[PDB]
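Read the single chain below, which is given as structure tokens and is the form deposited in one PDB entry.
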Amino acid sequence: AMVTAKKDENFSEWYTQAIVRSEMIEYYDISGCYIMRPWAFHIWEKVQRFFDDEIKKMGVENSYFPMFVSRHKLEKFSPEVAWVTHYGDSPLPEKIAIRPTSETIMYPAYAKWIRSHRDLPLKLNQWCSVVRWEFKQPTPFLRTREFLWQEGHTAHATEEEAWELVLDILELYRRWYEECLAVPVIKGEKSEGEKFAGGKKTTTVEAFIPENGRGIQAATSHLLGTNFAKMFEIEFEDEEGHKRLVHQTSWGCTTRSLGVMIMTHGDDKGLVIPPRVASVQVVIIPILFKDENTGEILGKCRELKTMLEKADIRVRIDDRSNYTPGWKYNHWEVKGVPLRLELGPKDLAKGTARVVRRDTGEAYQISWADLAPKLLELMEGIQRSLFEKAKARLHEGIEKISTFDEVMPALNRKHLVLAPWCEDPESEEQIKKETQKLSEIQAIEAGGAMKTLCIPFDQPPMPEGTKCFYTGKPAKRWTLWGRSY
């Protein structure tokens, strides 16, 4: 089974083929829900371990809160909430909702647990699934009605400490995407219209999908401030004895990250998995001629596997006799294994192995003694090259503009725009409406809204007197806009 849709032509069909034929997902009779098979789930387990280890260093501890929230507590978005109303065919006295997020589940407990400044900071995380029942068309990994995530929630005695935590977690999400998944992301702050309404400031990491020109939010970290503390009466006492509101954060990231990884590195042959998260980094394929000492070849493959595992390289031998090497090459290319090692009688006679890298197809002849250090070096080169090429595509996908006239041409090249902006929220909604209308007109001519993605932390120079690209009022900051998921 090969991927036959080309990534640059029918991107949606390519994506479906890549994730189905690699055995990452399976469909399900309830629309908008997908089965995560082991090939994808192993990658989730790897980024989960990374993130857990990092937040444990910060003093965050895992926990588990109930999946249900009482009507009263939830209603302290609404068409997205799935409601449990009966046990069997008996009606519940009050209906209960499945968590779309757990603020209203956790914060009553926080109010009970926090009494003194000595109780702070309080730092909790949980890994679980949440449910958001939208009637729109789903996309595997990217927009689904049930998804796995982690959500962290912290409380602090001061706004500055909470803010520092918000930025520390955002840096962890940058590392999740860029270090683990080799996906470049842009740190920024959401516009007033796009931020979490329950909070003070929402920070984000944003990724870019060149094939459809869309930005996609990769993860989020909110400075909640004291808003939820007032609503849930979460207060603490200073050492003088006065009661003060806590300052809160919340943050999350989902299996969307896997989809972004898939879209970023995949090619016409299928998946390409970054070595740092590949469950199989090296697949060993013995050549099995009928007229050969097959036992010797297999024994050497086993020895090489042991030698590589001593360097913590994750190895699988595909010694199935009933498939050709060509079949196996394709099979593990579709699944995205970053390195394949081939060993036949001539290699054994020379004391070498043939190694082929998945991203470029370049082949190497490596001595057995050099194999472990050379493969470690090659995997680091593959990881870095995947990231650097994606980063070049990201920066080639952003157009710096000064006037609204440049917007629609840039959108039609499937690019984002970086533009000086007045940051008035009313203007963002005017811009969404107008770019949607222009996109519809174009659609009819062909036989869509542009919104803010983020106000980037990394601000280009802003010349004095620069005007907003849409209102002509004084610009405040450079803002990243585009079509979006």
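Heads up, when I say rigid core I mean the largest set of C-alphas that superpose within 1.5 Å between the two forms. The numbering used is simple: start at 1 and walk along the sequence shown.
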item: Residue 243: gap in at least one third of other compared structures; value: no
item: Unmodelled in at least a third of other entries of this protein, residue 336; value: no
item: Unmodelled deposited residues flanked by residue 201 on one side and residue 202 on the other; value: none
item: Residue 448 preceded by how many uncoordinated deposited residues after residue 447; value: 4 to 9
item: 284-292 versus 82-90 - greater average Cα B-factor per the deposited record; value: 82-90
item: Selected stretch [higher average CA B-factor]: 403-411 or 173-181; value: 403-411
item: From 163, 232, 147, 332, residue of greatest CA B-factor; value: 232
item: Candidate set 66, 38, 460, 456 [ranked by C-alpha B-factor, highest]; value: 460
item: Assigned third (lowest, middle, highest) for the C-alpha B factor of residue 348; value: highest
item: Assigned third (lowest, middle, highest) for the C-alpha B factor of residue 153; value: lowest
item: Chain thirds of CA B-factor: placement of residue 22; value: lowest
item: Relative C-alpha B-factor of residue 470, binned into the chain's lowest, middle or highest third; value: highest
item: Position of residue 266 among the chain's modelled residues by C-alpha B-factor, lowest, middle or highest third; value: lowest
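Same protein, other form: the form deposited in another entry, not shown, and the subject of what follows.
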property: Answer among 395, 86, 413, 112 for the CA shift between this form and the one not shown that reaches 2 Å or more, rigid core superposed; result: 86
property: Cα displacement of residue 292 between this form and the one not shown reaching 2 Å, rigid core superposed; result: yes
property: Core-superposed comparison between this form and the one not shown, residue 210 Cα displacement 2 Å or beyond; result: no
property: Core-aligned CA displacement of residue 97 at least 2 Å between this form and the one not shown; result: yes
property: Note on residue 227-residue 94 C-alpha separation in the other entry, which departs from the shown form by 3 angstroms or more; result: farther
